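Please read the structure below before turning to the comments.
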Amino acid sequence: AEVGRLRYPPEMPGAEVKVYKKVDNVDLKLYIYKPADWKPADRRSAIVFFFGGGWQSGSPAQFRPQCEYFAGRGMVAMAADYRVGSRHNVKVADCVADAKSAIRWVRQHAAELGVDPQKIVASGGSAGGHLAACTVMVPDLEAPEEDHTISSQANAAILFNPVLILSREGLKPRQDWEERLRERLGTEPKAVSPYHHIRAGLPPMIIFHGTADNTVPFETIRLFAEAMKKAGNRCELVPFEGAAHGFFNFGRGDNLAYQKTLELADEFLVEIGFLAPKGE
Ligand SMILES: [Cl-]
Ligand SMILES: [Cl-]
């Protein structure tokens, strides 16, 4: 509900604004937070957050607090806008293209951003967590007007109650439901279903999910994580006992889950060599 009251477009005080994509006569922006000691020539890790809201609504403001945290730790942290149903009459596949365009843009512009182009983390909540996962493991579905010699693939992901299974193929593949998914998603459902793209050799990830989630059942995420681990990938699943969809957000449950998810995300980033340990 609180997340639902966020402003669009957001103020994002202290952020630098860059347009990463011009599409359908809208300028899609990144809201960029740099560390206090940032200099051109830096080669910092970066994180790009994609807001939640069912691919229908939401605001980059959702992840402003996390951006401020990670910029405090020395990352170039940013929150991306992307097209949504209520504002732009797009479908899920369009959202995925925008998320991929954002990672591509950060990589293309890594030098001027003071960023290491092989340390770009994709992150998000719910629908935005789906997008982040798509940037790590789903093939590009379109080639927009952008540098396709530059990869859209993120180097790691941090997912907050993501949607990871968008097709029922290979679960316990009924036709009419997959056809309804096709019309909603703008493509074959498997083409935007991270679970259907599990293979060896993928970037590392951490996932935070409530065990009492009625929106995205925890069991879908357990299945995902088990299969990823079977494929040899680093896929850390942190259950939040009794928590529901949206539990991790700044401003709810006394900020306890907010703080805990940041702590664990920080250690994950140290583990994979994207952040220096807090001990310096
Ligand atoms: Cl790895
Ligand atoms: Cl829920």
Side-chain angles (χ1 to χ4, degrees), residues 47-52 54-55 63 66 92 96 99-100 103 119-139 153-173 181 185 189-249 256-275:
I47 183 158
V48 180
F49 294 96
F50 301 105
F51 62 76
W55 308 279
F63 285 99
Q66 295 88 342
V92 172
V96 171
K100 288 163 169 291
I103 302 306
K119 299 195 172 176
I120 300 168
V121 183
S123 182
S126 187
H130 168 258
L131 302 182
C134 291
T135 75
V136 163
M137 65 196 292
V138 168
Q153 187 179 23
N155 305 108
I158 300 176
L159 307 183
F160 302 91
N161 57 224
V163 193
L164 298 177
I165 312 191
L166 282 77
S167 171
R168 298 180 187 77
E169 298 198 23
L171 278 51
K172 51 270 143 198
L181 287 162
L185 301 177
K190 287 190 304 194
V192 290
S193 182
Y195 183 72
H196 294 82
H197 298 271
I198 293 169
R199 60 170 11 160
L202 292 170
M205 70 184 67
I206 182 162
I207 303 174
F208 309 108
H209 209 97
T211 67
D213 194 326
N214 288 312
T215 302
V216 178
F218 185 84
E219 177 61 22
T220 61
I221 306 312
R222 193 219 77 179
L223 289 162
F224 179 94
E226 289 174 336
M228 286 284 276
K229 291 166 182 298
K230 286 182 207 180
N233 298 311
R234 176 180 296 282
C235 183
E236 301 178 1
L237 174 53
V238 183
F240 279 70
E241 177 172 4
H245 210 68
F247 73 95
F248 62 89
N249 283 288
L256 292 177
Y258 173 82
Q259 292 170 206
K260 187 59 169 186
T261 63
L262 287 180
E263 286 171 12
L264 295 173
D266 191 311
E267 177 176 334
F268 165 82
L269 291 176
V270 173
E271 183 185 33
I272 67 164
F274 282 33
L275 271 180

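Basis for what follows: all heavy atoms, side chains included, without hydrogens, waters or symmetry-related copies. If you read the sequence from its start, that first residue is 1, and numbering goes on from there.
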Other residues, nucleotides, ligands: >12 heavy atoms within 6.0 Å of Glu263 CD: yes

For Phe224, all residues meeting ring-ring contact (aromatic ring centres under 6.0 Å, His included), sequence neighbours excluded: none

Gap separating the OH atom of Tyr258 from the CZ atom of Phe160, nearest 0.5 angstrom: 9.0 Å

Side chain to side chain contact (heavy atoms under 4.5 Å, CB included) partner of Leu159, the single match among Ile206, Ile207, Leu237: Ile207

Side-chain donor/acceptor of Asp213 to backbone N/O of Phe218, under 3.5 Å: no

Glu236 side, atom CD; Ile158 side, atom CD1 - distance, nearest 0.5 Å: 10.0 Å

Of all pairs that satisfy side-chain hydrogen bond (donor to acceptor under 3.5 Å, both in side chains), the ones with a partner from residues 216-227, not counting sequence neighbours: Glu219-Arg222, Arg222-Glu226

Selection residues 194-205 - residue pairs positive for side-chain hydrogen bond (donor to acceptor under 3.5 Å, both in side chains), sequence neighbours left out: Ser193-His196

Side chain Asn233, main chain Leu202, donor-acceptor under 3.5 Å: yes

Parallel, tilted or perpendicular: ring planes of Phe248 versus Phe63, cut at 30 and 60 degrees: parallel

Heavy-atom closest pair, residues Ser167 and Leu181: CA-CD1, 4.4 Å

Reported CZ-to-CD1 distance for the pair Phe274 and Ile120, which is rounded to 0.5 angstrom: 9.0 Å

Minimum heavy-atom distance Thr211-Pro239, with the two atoms named: CG2-CB, 3.8 Å

Which atom of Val136 lies closest to which atom of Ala156, heavy atoms considered: CG2-O, 3.9 Å

Closest non-hydrogen atom pair, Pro194 against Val138: CA-CG2, 4.1 Å

Set of residues satisfying salt bridge (charged side-chain N to carboxylate O under 4.0 Å, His left out) with respect to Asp266, sequence neighbours excluded: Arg73, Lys278

Separation between OG of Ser126 and CH2 of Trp55, rounded to the nearest 0.5 Å: 7.0 Å

Pairs flagged by salt bridge (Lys or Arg N to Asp or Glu O under 4.0 Å) wherever residues 163-172 is involved - sequence neighbours left out: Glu169-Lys190

CD1-CE distance between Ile272 and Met205, expressed to the nearest 0.5 angstrom: 10.5 Å

NZ (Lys229) with more than 12 external heavy atoms under 6.0 Å: yes

Residue pair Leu166 / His130, side-chain heavy-atom distance below 4.5 Å: yes

All salt bridge (charged side-chain N to carboxylate O under 4.0 Å, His left out) counterparts of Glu271, not counting sequence neighbours: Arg234

Exercise: identify the closest heavy-atom pair between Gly124 and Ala132: N-CB, 4.0 Å

Heavy-atom closest contact (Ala122 atom, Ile103 atom, distance): CB-CD1, 4.2 Å

Short side-chain to backbone donor-acceptor contact, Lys119 and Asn155, under 3.5 Å: no

From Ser123 atom OG to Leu131 atom CG, the distance as rounded to the nearest 0.5 Å: 11.5 Å

Aromatic plane relationship, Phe240 with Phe247 - under 30° parallel, 30 to 60° tilted, over 60° perpendicular: tilted

